[PDB]
$ cat final_30.txt   # compact mmCIF, C-alpha atoms
# COMPACT_ATOMS: atom_id res chain seq x y z
CA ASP S 416 0.00 0.00 0.00
CA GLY S 417 3.02 2.25 0.65
CA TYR S 418 4.79 3.36 -2.55
CA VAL S 419 7.61 5.84 -3.19
CA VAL S 420 5.78 9.08 -4.02
CA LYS S 421 7.92 11.64 -5.87
CA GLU S 422 7.19 14.50 -8.29
CA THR S 423 3.70 15.67 -9.23
CA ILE S 424 2.84 15.17 -12.92
CA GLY S 425 -0.44 17.05 -13.36
CA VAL S 426 -3.45 18.51 -11.54
CA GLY S 427 -7.25 18.35 -11.75
CA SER S 428 -10.59 18.84 -9.99
CA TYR S 429 -10.69 16.87 -6.72
CA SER S 430 -7.66 14.83 -7.84
CA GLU S 431 -3.87 14.99 -8.17
CA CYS S 432 -1.53 12.77 -10.20
CA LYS S 433 1.96 11.99 -8.87
CA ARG S 434 4.82 9.75 -10.04
CA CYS S 435 5.22 6.70 -7.78
CA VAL S 436 8.09 4.22 -8.20
CA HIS S 437 7.70 1.01 -6.18
CA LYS S 438 6.05 -2.42 -6.61
CA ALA S 439 8.96 -3.44 -4.35
CA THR S 440 11.05 -3.67 -7.54
CA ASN S 441 11.92 -0.06 -8.47
CA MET S 442 9.16 -0.12 -11.10
CA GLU S 443 7.97 3.31 -12.26
CA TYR S 444 4.22 3.98 -12.46
CA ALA S 445 1.66 6.79 -12.20
CA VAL S 446 -0.82 7.12 -9.32
CA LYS S 447 -3.97 9.26 -9.35
CA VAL S 448 -5.02 10.38 -5.85
CA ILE S 449 -8.76 11.12 -5.70
CA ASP S 450 -10.17 12.66 -2.52
CA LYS S 451 -12.83 10.15 -1.41
CA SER S 452 -14.79 12.94 0.32
CA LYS S 453 -14.72 15.30 -2.69
CA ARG S 454 -15.42 12.76 -5.44
CA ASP S 455 -16.56 9.15 -5.87
CA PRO S 456 -14.51 7.24 -8.53
CA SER S 457 -16.91 4.28 -8.80
CA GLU S 458 -17.71 4.62 -12.50
CA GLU S 459 -14.09 5.41 -13.42
CA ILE S 460 -12.57 2.35 -11.72
CA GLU S 461 -15.24 0.02 -13.13
CA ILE S 462 -14.54 1.32 -16.65
CA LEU S 463 -10.76 0.94 -16.21
CA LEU S 464 -11.20 -2.54 -14.71
CA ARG S 465 -13.46 -3.66 -17.58
CA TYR S 466 -11.78 -1.93 -20.55
CA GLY S 467 -8.22 -1.17 -19.37
CA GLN S 468 -6.81 -4.22 -21.18
CA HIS S 469 -7.53 -2.41 -24.46
CA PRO S 470 -4.00 -1.53 -25.76
CA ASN S 471 -4.89 2.09 -26.55
CA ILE S 472 -6.65 2.62 -23.20
CA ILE S 473 -4.64 3.37 -20.05
CA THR S 474 -4.30 0.12 -18.10
CA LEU S 475 -5.03 -0.04 -14.36
CA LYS S 476 -2.35 -1.71 -12.24
CA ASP S 477 -3.49 -1.38 -8.61
CA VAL S 478 -6.38 0.12 -6.63
CA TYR S 479 -6.50 1.11 -2.95
CA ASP S 480 -8.97 2.90 -0.66
CA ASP S 481 -8.34 3.65 3.02
CA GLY S 482 -11.65 5.56 3.17
CA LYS S 483 -10.13 9.04 2.86
CA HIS S 484 -8.31 8.75 -0.49
CA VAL S 485 -8.35 6.43 -3.52
CA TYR S 486 -5.14 5.37 -5.28
CA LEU S 487 -5.47 4.45 -8.97
CA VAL S 488 -2.01 3.17 -9.92
CA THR S 489 -1.66 3.09 -13.73
CA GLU S 490 1.11 2.71 -16.31
CA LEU S 491 3.26 5.85 -16.57
CA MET S 492 2.91 8.09 -19.63
CA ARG S 493 6.57 8.89 -20.34
CA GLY S 494 5.89 10.18 -23.87
CA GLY S 495 3.94 13.22 -22.63
CA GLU S 496 0.88 14.60 -24.44
CA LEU S 497 0.00 14.05 -28.10
CA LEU S 498 0.51 17.68 -29.15
CA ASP S 499 3.78 17.90 -27.19
CA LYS S 500 5.22 15.27 -29.56
CA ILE S 501 3.64 15.89 -32.97
CA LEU S 502 4.07 19.69 -32.87
CA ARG S 503 7.68 19.44 -31.66
CA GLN S 504 10.24 16.79 -32.65
CA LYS S 505 8.37 14.34 -34.88
CA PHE S 506 7.75 14.26 -38.62
CA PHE S 507 4.00 14.85 -38.90
CA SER S 508 1.97 14.71 -42.12
CA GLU S 509 -1.60 13.76 -43.12
CA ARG S 510 -0.25 10.18 -43.10
CA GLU S 511 0.88 10.28 -39.45
CA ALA S 512 -2.28 12.24 -38.60
CA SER S 513 -4.42 9.50 -40.17
CA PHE S 514 -2.70 6.83 -38.05
CA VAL S 515 -3.32 8.94 -34.93
CA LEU S 516 -7.04 9.31 -35.66
CA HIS S 517 -7.25 5.65 -36.73
CA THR S 518 -5.76 4.51 -33.40
CA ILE S 519 -7.97 6.77 -31.27
CA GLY S 520 -11.05 6.34 -33.50
CA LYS S 521 -11.07 2.54 -33.07
CA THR S 522 -10.73 2.95 -29.29
CA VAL S 523 -13.74 5.29 -29.21
CA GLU S 524 -15.68 2.95 -31.53
CA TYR S 525 -14.98 0.14 -29.06
CA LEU S 526 -16.12 2.27 -26.11
CA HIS S 527 -19.25 3.53 -27.90
CA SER S 528 -20.14 -0.07 -28.84
CA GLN S 529 -19.88 -1.09 -25.17
CA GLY S 530 -22.03 1.94 -24.25
CA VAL S 531 -19.16 3.96 -22.75
CA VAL S 532 -18.73 7.67 -23.49
CA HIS S 533 -15.68 9.67 -22.38
CA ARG S 534 -17.06 13.23 -22.48
CA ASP S 535 -13.56 14.65 -21.91
CA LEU S 536 -11.62 13.92 -25.12
CA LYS S 537 -9.23 16.87 -24.97
CA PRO S 538 -5.76 16.34 -26.56
CA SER S 539 -4.25 16.64 -23.07
CA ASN S 540 -6.03 13.38 -22.14
CA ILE S 541 -4.28 11.51 -24.98
CA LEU S 542 -0.68 10.56 -24.17
CA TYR S 543 2.16 8.41 -25.50
CA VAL S 544 3.46 5.69 -23.16
CA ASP S 545 7.03 6.05 -24.48
CA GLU S 546 8.85 8.74 -26.46
CA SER S 547 8.71 6.91 -29.82
CA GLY S 548 5.71 8.88 -31.09
CA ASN S 549 4.43 5.59 -32.53
CA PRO S 550 0.61 5.29 -32.96
CA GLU S 551 0.39 2.07 -30.92
CA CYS S 552 1.98 3.91 -27.96
CA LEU S 553 -1.16 6.08 -27.69
CA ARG S 554 -3.39 5.78 -24.63
CA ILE S 555 -6.73 7.43 -23.85
CA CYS S 556 -6.59 8.54 -20.21
CA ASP S 557 -8.57 10.15 -17.38
CA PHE S 558 -12.02 8.51 -17.39
CA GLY S 559 -13.29 10.95 -14.75
CA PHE S 560 -16.24 12.31 -16.75
CA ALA S 561 -16.85 8.97 -18.52
CA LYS S 562 -20.22 7.25 -18.09
CA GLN S 563 -21.35 3.67 -18.77
CA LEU S 564 -24.82 3.13 -20.25
CA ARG S 565 -26.83 1.42 -17.49
CA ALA S 566 -30.38 0.06 -17.35
CA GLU S 567 -33.21 1.15 -15.03
CA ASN S 568 -32.30 -1.70 -12.65
CA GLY S 569 -28.63 -0.64 -12.99
CA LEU S 570 -27.29 -3.30 -15.38
CA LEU S 571 -24.66 -2.43 -17.99
CA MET S 572 -26.19 -2.18 -21.47
CA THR S 573 -24.89 -1.83 -25.02
CA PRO S 574 -26.49 0.43 -27.70
CA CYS S 575 -26.91 -2.83 -29.66
CA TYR S 576 -29.35 -4.11 -27.01
CA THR S 577 -30.88 -0.65 -26.53
CA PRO S 583 -35.82 6.04 -27.18
CA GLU S 584 -34.81 9.36 -25.60
CA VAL S 585 -32.68 7.36 -23.14
CA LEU S 586 -30.59 6.23 -26.13
CA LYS S 587 -30.70 9.66 -27.82
CA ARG S 588 -28.78 10.86 -24.75
CA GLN S 589 -25.93 8.51 -25.74
CA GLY S 590 -26.35 9.65 -29.37
CA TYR S 591 -25.64 13.20 -28.15
CA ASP S 592 -22.87 12.19 -25.71
CA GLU S 593 -21.27 10.04 -28.42
CA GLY S 594 -21.60 12.93 -30.90
CA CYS S 595 -19.68 15.18 -28.47
CA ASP S 596 -16.81 12.67 -28.26
CA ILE S 597 -16.70 12.65 -32.08
CA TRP S 598 -16.76 16.47 -32.09
CA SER S 599 -13.83 16.45 -29.65
CA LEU S 600 -11.88 14.31 -32.13
CA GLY S 601 -12.97 16.74 -34.86
CA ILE S 602 -11.11 19.70 -33.32
CA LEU S 603 -8.08 17.46 -32.73
CA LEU S 604 -8.18 16.55 -36.43
CA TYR S 605 -8.54 20.25 -37.30
CA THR S 606 -5.70 21.19 -34.95
CA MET S 607 -3.53 18.39 -36.37
CA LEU S 608 -4.16 19.57 -39.94
CA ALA S 609 -4.28 23.36 -39.45
CA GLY S 610 -1.72 23.47 -36.63
CA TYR S 611 -4.17 25.68 -34.69
CA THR S 612 -7.50 25.40 -32.86
CA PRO S 613 -10.64 26.09 -35.01
CA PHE S 614 -12.61 28.07 -32.41
CA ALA S 615 -9.71 29.73 -30.57
CA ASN S 616 -6.78 31.92 -31.65
CA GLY S 617 -4.78 31.71 -28.40
CA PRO S 618 -4.87 31.16 -24.59
CA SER S 619 -6.52 34.47 -23.66
CA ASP S 620 -9.69 33.98 -25.73
CA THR S 621 -12.85 34.53 -23.67
CA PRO S 622 -15.84 32.15 -23.22
CA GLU S 623 -18.00 34.70 -25.07
CA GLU S 624 -15.64 34.63 -28.07
CA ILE S 625 -15.27 30.85 -28.32
CA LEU S 626 -18.90 29.84 -27.64
CA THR S 627 -20.07 32.27 -30.34
CA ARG S 628 -17.79 30.57 -32.88
CA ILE S 629 -18.87 27.05 -31.88
CA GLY S 630 -22.56 27.98 -32.08
CA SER S 631 -22.08 29.61 -35.50
CA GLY S 632 -21.04 26.24 -36.94
CA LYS S 633 -18.39 27.83 -39.18
CA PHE S 634 -14.61 27.38 -39.27
CA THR S 635 -11.64 27.96 -41.57
CA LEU S 636 -11.17 25.16 -44.12
CA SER S 637 -9.48 27.56 -46.55
CA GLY S 638 -6.25 29.58 -46.29
CA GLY S 639 -2.97 28.84 -44.49
CA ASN S 640 -2.25 25.11 -44.17
CA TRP S 641 -5.70 24.36 -45.62
CA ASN S 642 -4.48 25.40 -49.09
CA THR S 643 -2.10 22.40 -49.15
CA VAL S 644 -4.48 19.92 -47.46
CA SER S 645 -6.54 17.12 -49.02
CA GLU S 646 -10.23 17.56 -49.87
CA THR S 647 -10.95 14.28 -48.03
CA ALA S 648 -9.22 15.73 -44.95
CA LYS S 649 -11.55 18.76 -45.11
CA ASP S 650 -14.60 16.60 -45.82
CA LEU S 651 -13.91 14.63 -42.62
CA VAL S 652 -13.47 17.61 -40.27
CA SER S 653 -16.60 19.27 -41.69
CA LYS S 654 -18.67 16.14 -41.00
CA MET S 655 -16.99 15.58 -37.62
CA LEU S 656 -17.62 19.17 -36.44
CA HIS S 657 -21.22 19.43 -37.69
CA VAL S 658 -23.34 21.77 -35.56
CA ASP S 659 -26.08 19.27 -34.66
CA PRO S 660 -24.44 16.46 -32.56
CA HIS S 661 -27.07 14.05 -33.94
CA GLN S 662 -25.94 14.67 -37.54
CA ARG S 663 -22.23 14.08 -36.84
CA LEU S 664 -20.47 10.89 -37.96
CA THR S 665 -20.36 7.79 -35.77
CA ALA S 666 -16.98 6.40 -34.69
CA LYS S 667 -17.52 3.65 -37.28
CA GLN S 668 -18.37 6.08 -40.11
CA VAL S 669 -15.18 8.02 -39.32
CA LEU S 670 -13.03 4.89 -39.72
CA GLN S 671 -14.76 3.98 -43.01
CA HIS S 672 -13.77 7.37 -44.47
CA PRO S 673 -11.35 7.52 -47.48
CA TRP S 674 -9.00 9.73 -45.44
CA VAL S 675 -8.69 7.04 -42.75
CA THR S 676 -8.90 3.93 -44.95
CA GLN S 677 -6.87 4.87 -48.04
CA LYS S 678 -3.59 6.05 -46.50
CA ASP S 679 -1.66 5.47 -49.75
CA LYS S 680 -3.39 8.50 -51.32
CA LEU S 681 -2.54 10.77 -48.37
CA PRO S 682 0.22 13.44 -48.64
CA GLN S 683 3.36 12.82 -46.58
CA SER S 684 4.65 16.41 -46.38
CA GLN S 685 5.46 18.06 -43.03
CA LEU S 686 2.58 20.19 -41.73
CA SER S 687 3.01 23.71 -40.36
CA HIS S 688 2.00 24.49 -36.77
CA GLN S 689 1.86 27.46 -34.40
CA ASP S 690 3.83 27.50 -31.14
CA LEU S 691 2.87 24.53 -28.97
CA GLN S 692 1.89 26.74 -26.02
CA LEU S 693 -0.41 28.87 -28.21
CA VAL S 694 -2.10 25.73 -29.56
CA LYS S 695 -2.18 24.07 -26.12
CA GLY S 696 -3.39 27.42 -24.77
CA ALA S 697 -6.18 27.78 -27.34
CA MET S 698 -7.29 24.18 -26.79
CA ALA S 699 -7.52 24.38 -22.98
CA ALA S 700 -9.46 27.65 -23.38
CA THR S 701 -11.88 25.97 -25.81
CA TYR S 702 -12.70 23.21 -23.30
CA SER S 703 -12.82 25.83 -20.52
CA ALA S 704 -15.55 27.65 -22.46
CA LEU S 705 -17.42 24.35 -22.97
CA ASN S 706 -17.40 23.56 -19.23
CA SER S 707 -19.25 26.85 -18.61
CA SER S 708 -22.14 25.83 -20.88
$ encode --input "final_30.txt" --output "structure tokens"
Amino acid sequence: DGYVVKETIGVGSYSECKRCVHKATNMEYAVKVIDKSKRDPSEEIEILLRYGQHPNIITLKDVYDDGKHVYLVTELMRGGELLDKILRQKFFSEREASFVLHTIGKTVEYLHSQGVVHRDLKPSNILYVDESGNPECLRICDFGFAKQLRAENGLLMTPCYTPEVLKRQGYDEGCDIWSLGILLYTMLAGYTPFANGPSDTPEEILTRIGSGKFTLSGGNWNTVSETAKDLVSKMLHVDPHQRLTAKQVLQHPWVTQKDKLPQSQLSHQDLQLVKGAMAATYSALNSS
């Protein structure tokens, strides 16, 4: 139960994530410390326990609860965040972008098919496990705001088995797809579609989202495939119920036919501007 707690990795609401190194074998891991009084991580643990073995989902190693705090010990994400790699020291083109979406898209398709929605698919919740930058090293993380589809009696249910009760998933699923849509945009454009920097205001961003318009022309978009633009447009459609499903995304020419994709380095703005814009976009969304 006692580890070797060291540096703090990140921070969050009612939870802190530090770098433990123990297992009585100097084995490095990550441990999320949730305040039992502040928050109840019932849904999160059950999701990680049931779906952690997925290779592109963060695997759960140990779990502890003394009553005051919970200790979710997971595999350590040494590769950092997705943007921290692709927009720094890694050759990134529509080809590499397609592999990234492919990897994450299948994971979401799996989760949606099991009736699990994430509802927090920000690029800071997608991390490499090692510093290779390889697609298979990707891991979806932080299932804090994730919800399993349950029955009236409280039994886990799939959308296959399962009117307005299901349309809730259809919305919640459509928001996960929309979250991937801005990541696709950001990957292609090198900048957030509804934010120009870290100091954008909720009033600015939410107006742009509601307008249902974004730049698919000018800048990087002049040297980007029409299939790449077709996908983002369909992924970021205004009505969440008219957006693509995770399956329909993966059946798209951009994703499937990777031979036809350009392999030229993509331009990007400073990482901190892009990271700044992105965190501000999700900050504006949390208000509404």
$ residues_around --input "final_30.txt" --residues "residue S:605" --least-positions-apart "3" --cutoff "12 Å" --atoms "all atoms listed in the file" --output "ChimeraX atom specification"
/S:509,512-513,516,538,598-602,608-615,634-637,640-641,644,648-656,686,688,694,698
$ write_last_selection --input "final_30.txt" --atoms "C-alpha atoms" --output "CSV table (one decimal), in the coordinates of the input"
chain,number,residue,atom,x,y,z
S,509,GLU,CA,-1.6,13.8,-43.1
S,512,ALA,CA,-2.3,12.2,-38.6
S,513,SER,CA,-4.4,9.5,-40.2
S,516,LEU,CA,-7.0,9.3,-35.7
S,538,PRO,CA,-5.8,16.3,-26.6
S,598,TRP,CA,-16.8,16.5,-32.1
S,599,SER,CA,-13.8,16.4,-29.6
S,600,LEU,CA,-11.9,14.3,-32.1
S,601,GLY,CA,-13.0,16.7,-34.9
S,602,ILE,CA,-11.1,19.7,-33.3
S,608,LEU,CA,-4.2,19.6,-39.9
S,609,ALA,CA,-4.3,23.4,-39.4
S,610,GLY,CA,-1.7,23.5,-36.6
S,611,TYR,CA,-4.2,25.7,-34.7
S,612,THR,CA,-7.5,25.4,-32.9
S,613,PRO,CA,-10.6,26.1,-35.0
S,614,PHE,CA,-12.6,28.1,-32.4
S,615,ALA,CA,-9.7,29.7,-30.6
S,634,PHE,CA,-14.6,27.4,-39.3
S,635,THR,CA,-11.6,28.0,-41.6
S,636,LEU,CA,-11.2,25.2,-44.1
S,637,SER,CA,-9.5,27.6,-46.6
S,640,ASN,CA,-2.2,25.1,-44.2
S,641,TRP,CA,-5.7,24.4,-45.6
S,644,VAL,CA,-4.5,19.9,-47.5
S,648,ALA,CA,-9.2,15.7,-45.0
S,649,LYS,CA,-11.6,18.8,-45.1
S,650,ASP,CA,-14.6,16.6,-45.8
S,651,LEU,CA,-13.9,14.6,-42.6
S,652,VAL,CA,-13.5,17.6,-40.3
S,653,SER,CA,-16.6,19.3,-41.7
S,654,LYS,CA,-18.7,16.1,-41.0
S,655,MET,CA,-17.0,15.6,-37.6
S,656,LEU,CA,-17.6,19.2,-36.4
S,686,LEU,CA,2.6,20.2,-41.7
S,688,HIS,CA,2.0,24.5,-36.8
S,694,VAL,CA,-2.1,25.7,-29.6
S,698,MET,CA,-7.3,24.2,-26.8
$ residues_near_point --input "final_30.txt" --point "(7.1, 0.1, -11.8)" --cutoff "12 Å" --atoms "all atoms listed in the file" --output "MDAnalysis selection string"
chainID S and resid 418:420 434:446 476:477 488:492
$ closest_residue --input "final_30.txt" --among "S:461, S:620, S:659, S:496" --to "residue S:543" --atoms "only C-alpha atoms"
S:496
$ atom_distance --input "final_30.txt" --atom1 "atom CA of residue S:550" --atom2 "atom CA of residue S:593"
22.8 Å
$ closest_residue --input "final_30.txt" --among "S:456, S:594, S:482, S:696" --to "residue S:658" --atoms "all atoms listed in the file"
S:594
$ atom_distance --input "final_30.txt" --atom1 "atom CA of residue S:666" --atom2 "atom CA of residue S:455"
29.0 Å
$ residues_around --input "final_30.txt" --residues "residue S:540" --least-positions-apart "2" --cutoff "7 Å" --atoms "all atoms listed in the file" --output "mmCIF file with C-alpha atoms, in the frame of the given file"
data_model
loop_
_atom_site.group_PDB
_atom_site.id
_atom_site.type_symbol
_atom_site.label_atom_id
_atom_site.label_comp_id
_atom_site.auth_asym_id
_atom_site.auth_seq_id
_atom_site.Cartn_x
_atom_site.Cartn_y
_atom_site.Cartn_z
ATOM 1 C CA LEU S 536 -11.620 13.920 -25.120
ATOM 2 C CA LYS S 537 -9.230 16.870 -24.970
ATOM 3 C CA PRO S 538 -5.760 16.340 -26.560
ATOM 4 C CA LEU S 542 -0.680 10.560 -24.170
ATOM 5 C CA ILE S 555 -6.730 7.430 -23.850
ATOM 6 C CA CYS S 556 -6.590 8.540 -20.210
ATOM 7 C CA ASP S 557 -8.570 10.150 -17.380
#
$ residues_around --input "final_30.txt" --residues "residue S:520" --least-positions-apart "5" --cutoff "10 Å" --atoms "only C-alpha atoms" --output "PyMOL selection string"
chain S and resi 513-515+525-526+597+600+665-670+675
$ write_last_selection --input "final_30.txt" --atoms "C-alpha atoms" --output "PDB file, in the frame of the given file"
ATOM      1  CA  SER S 513      -4.420   9.500 -40.170  1.00  0.00           C
ATOM      2  CA  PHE S 514      -2.700   6.830 -38.050  1.00  0.00           C
ATOM      3  CA  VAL S 515      -3.320   8.940 -34.930  1.00  0.00           C
ATOM      4  CA  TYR S 525     -14.980   0.140 -29.060  1.00  0.00           C
ATOM      5  CA  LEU S 526     -16.120   2.270 -26.110  1.00  0.00           C
ATOM      6  CA  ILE S 597     -16.700  12.650 -32.080  1.00  0.00           C
ATOM      7  CA  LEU S 600     -11.880  14.310 -32.130  1.00  0.00           C
ATOM      8  CA  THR S 665     -20.360   7.790 -35.770  1.00  0.00           C
ATOM      9  CA  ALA S 666     -16.980   6.400 -34.690  1.00  0.00           C
ATOM     10  CA  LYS S 667     -17.520   3.650 -37.280  1.00  0.00           C
ATOM     11  CA  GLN S 668     -18.370   6.080 -40.110  1.00  0.00           C
ATOM     12  CA  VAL S 669     -15.180   8.020 -39.320  1.00  0.00           C
ATOM     13  CA  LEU S 670     -13.030   4.890 -39.720  1.00  0.00           C
ATOM     14  CA  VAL S 675      -8.690   7.040 -42.750  1.00  0.00           C
TER      15      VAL S 675
END
$ residues_around --input "final_30.txt" --residues "residue S:465" --least-positions-apart "2" --cutoff "12 Å" --atoms "only C-alpha atoms" --output "PyMOL selection string"
chain S and resi 458-463+467-469+472-475+526+529+531+563+571
$ write_last_selection --input "final_30.txt" --atoms "C-alpha atoms" --output "mmCIF file, in the frame of the given file"
data_model
loop_
_atom_site.group_PDB
_atom_site.id
_atom_site.type_symbol
_atom_site.label_atom_id
_atom_site.label_comp_id
_atom_site.auth_asym_id
_atom_site.auth_seq_id
_atom_site.Cartn_x
_atom_site.Cartn_y
_atom_site.Cartn_z
ATOM 1 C CA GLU S 458 -17.710 4.620 -12.500
ATOM 2 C CA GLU S 459 -14.090 5.410 -13.420
ATOM 3 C CA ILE S 460 -12.570 2.350 -11.720
ATOM 4 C CA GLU S 461 -15.240 0.020 -13.130
ATOM 5 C CA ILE S 462 -14.540 1.320 -16.650
ATOM 6 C CA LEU S 463 -10.760 0.940 -16.210
ATOM 7 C CA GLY S 467 -8.220 -1.170 -19.370
ATOM 8 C CA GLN S 468 -6.810 -4.220 -21.180
ATOM 9 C CA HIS S 469 -7.530 -2.410 -24.460
ATOM 10 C CA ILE S 472 -6.650 2.620 -23.200
ATOM 11 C CA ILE S 473 -4.640 3.370 -20.050
ATOM 12 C CA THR S 474 -4.300 0.120 -18.100
ATOM 13 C CA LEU S 475 -5.030 -0.040 -14.360
ATOM 14 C CA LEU S 526 -16.120 2.270 -26.110
ATOM 15 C CA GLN S 529 -19.880 -1.090 -25.170
ATOM 16 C CA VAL S 531 -19.160 3.960 -22.750
ATOM 17 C CA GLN S 563 -21.350 3.670 -18.770
ATOM 18 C CA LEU S 571 -24.660 -2.430 -17.990
#
$ atom_distance --input "final_30.txt" --atom1 "atom CA of residue S:539" --atom2 "atom CA of residue S:590"
24.0 Å
$ closest_residue --input "final_30.txt" --among "S:426, S:485, S:685, S:449" --to "residue S:505" --atoms "all atoms listed in the file"
S:685
$ residues_around --input "final_30.txt" --residues "residue S:494" --least-positions-apart "3" --cutoff "10 Å" --atoms "only C-alpha atoms" --output "PyMOL selection string"
chain S and resi 491+497+499-500+542-549+552-553
$ axis_aligned_box --input "final_30.txt" --around "stretch 560-573 of chain S" --padding-each-side "8 Å" --output "AutoDock Vina command-line options"
--center_x -24.7 --center_y 4.5 --center_z -18.8 --size_x 33.0 --size_y 31.6 --size_z 28.4
$ residues_near_point --input "final_30.txt" --point "(-27.1, 4.0, -21.3)" --cutoff "10 Å" --atoms "only C-alpha atoms" --output "VMD selection string"
chain S and resid 529 to 532 562 to 567 569 to 574 577 585 to 590
$ closest_residue --input "final_30.txt" --among "S:646, S:676, S:453, S:638" --to "residue S:518" --atoms "all atoms listed in the file"
S:676
$ closest_residue --input "final_30.txt" --among "S:424, S:554, S:690, S:561" --to "residue S:533" --atoms "all atoms listed in the file"
S:561
$ closest_residue --input "final_30.txt" --among "S:503, S:584, S:672, S:631" --to "residue S:689" --atoms "all atoms listed in the file"
S:503
